[PDB]
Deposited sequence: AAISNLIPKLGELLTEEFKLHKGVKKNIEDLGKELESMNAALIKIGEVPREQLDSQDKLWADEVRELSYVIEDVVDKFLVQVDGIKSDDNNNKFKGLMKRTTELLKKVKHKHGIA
């Protein structure tokens, strides 16, 4: 019965979950590649003889460090968000299911 808008709202939730799932998959693929490339660069850089590092290298190292700090803070914001993304939802849906079963039983519906 068209008692409420429960179904569309759950539809909306399912829709955004599909979208989120697909977006995270893209993020994962992109990040895995970026991480692998950056890690490979750092490995080769790590092989440069210390004697060949000069004032420009020091400037670049410090800029890379500063950048890593800012990237961390941004990543932390993502990490915290993911920490939000439930017990109350499950309880409400369970009660709702129980009530629908009562209604069906009352009217001889399996």
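Sequence ranges without modelled C-alpha atoms (deposited numbering) = One region goes unmodelled: 86 to 90.
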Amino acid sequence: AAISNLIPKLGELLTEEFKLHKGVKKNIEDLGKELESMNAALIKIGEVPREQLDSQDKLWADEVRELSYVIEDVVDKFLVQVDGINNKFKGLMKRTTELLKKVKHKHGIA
From here on, numbers count along this sequence of modelled residues.
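Return whichever of 48 to 56 and 64 to 72 has the greater mean Cα B factor according to the PDB record.
-> Averaged over C-alpha atoms, the B-factors run higher in 48 to 56.
For the C-alpha atoms alone, is the average B factor greater in 10 to 18 or in 88 to 96, going by the entry?
-> Looking at the record's C-alpha B-factors, the answer is 88 to 96.
Position of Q81 among the chain's modelled residues by C-alpha B-factor, lowest, middle or highest third = Highest third.
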